[PDB]
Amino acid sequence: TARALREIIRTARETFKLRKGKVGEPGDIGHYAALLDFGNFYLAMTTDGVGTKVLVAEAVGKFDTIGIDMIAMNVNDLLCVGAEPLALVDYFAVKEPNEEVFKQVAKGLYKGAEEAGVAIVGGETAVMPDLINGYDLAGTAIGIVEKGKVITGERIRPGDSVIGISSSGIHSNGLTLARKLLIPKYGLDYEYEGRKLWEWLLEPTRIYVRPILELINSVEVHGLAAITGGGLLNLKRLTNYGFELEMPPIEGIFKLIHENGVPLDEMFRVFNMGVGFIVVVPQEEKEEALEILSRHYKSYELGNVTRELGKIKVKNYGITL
């Protein structure tokens, strides 16, 4: 995927010059959101879709949370440049205009928007059964960040504290692996540790807007990272310095996936493994950061940034990424 994407990324970089010295002049591609110069502030812009989680939703008939997944993944990405999320449009590409599906989808859209503090301001609905084998839900969000307040990881230095905020579960990455591995053997009604498999696979992605906005207005913050596609590898987008981490015990849906033969080094590159969002702060801020975040969600001191470069060492699992 990265190799195919290189030609699109290189072309996109060549279009930056079209806004050079004008409103909308962008920063570089590669971070969690694009930053556009509006003079007194930057507009942040990001887009993402739910993914094949929606095939599980359709299989069992539970659609009232995929709209939470859509809103969560987009607003969480805005947070990772330091931005306040403001507004979103949704792109809904569907096999058919099933009114019941749309009614359920709208319930989760409302819940997620209310939790994130964003208005849903427009969208697109495309009925395309030749192209879409389900109900593909995506969106684009915009946020605002003041000049001088952008947080992209540039200030991360060896010694900094690395703190994890718990995920609600699988969130919206790794669903293809989980679906193909687990559904044929167990079925979606299989009970694992008190929850059916569809409950594990459809648990809505957590929204981190309130804790992160409180955090960045309270302490010095050097980096912010949503743990999405690529798992812990997302940390390498913030910095070339290394990480030395102790990750939480493997539990819930991740434990079942591991027990069905996925090695841990692969799982840390695919799944969030219990940590949905990671923040990097100077050590003197660690205690206050943990206090703030813990009032919202279970949060952990994971480890330290290191002078050793380019590696993520998960010490308690013997893994290096």
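The first residue of the sequence shown is number 1, and the count goes up from there.
Mean CA B-factor, 241-249 versus 118-126: the higher value falls on 241-249. Stretches 201-209 and 187-195 differ in mean CA B factor, with 187-195 having the higher one. Which of 171, 222, 147, 236 has the largest Cα B-factor in the deposited entry comes down to 147. Each of 278, 256, 45, 54 has a CA temperature factor in the record; the biggest one is found at 256.
Residue 49 sits in the lowest third of its chain by CA B factor, as recorded in the PDB entry. The entry lists a Cα temperature factor for residue 218 that places it in the highest third of the chain's modelled residues. Ranked against the other modelled residues of its chain, the C-alpha B-factor of residue 77 as given in the entry falls in the lowest third. Among the modelled residues of its chain, residue 38 has a C-alpha B-factor that falls in the highest third, as given in the PDB entry. When all modelled residues of the chain are sorted by CA temperature factor, residue 312 is found within the middle third.
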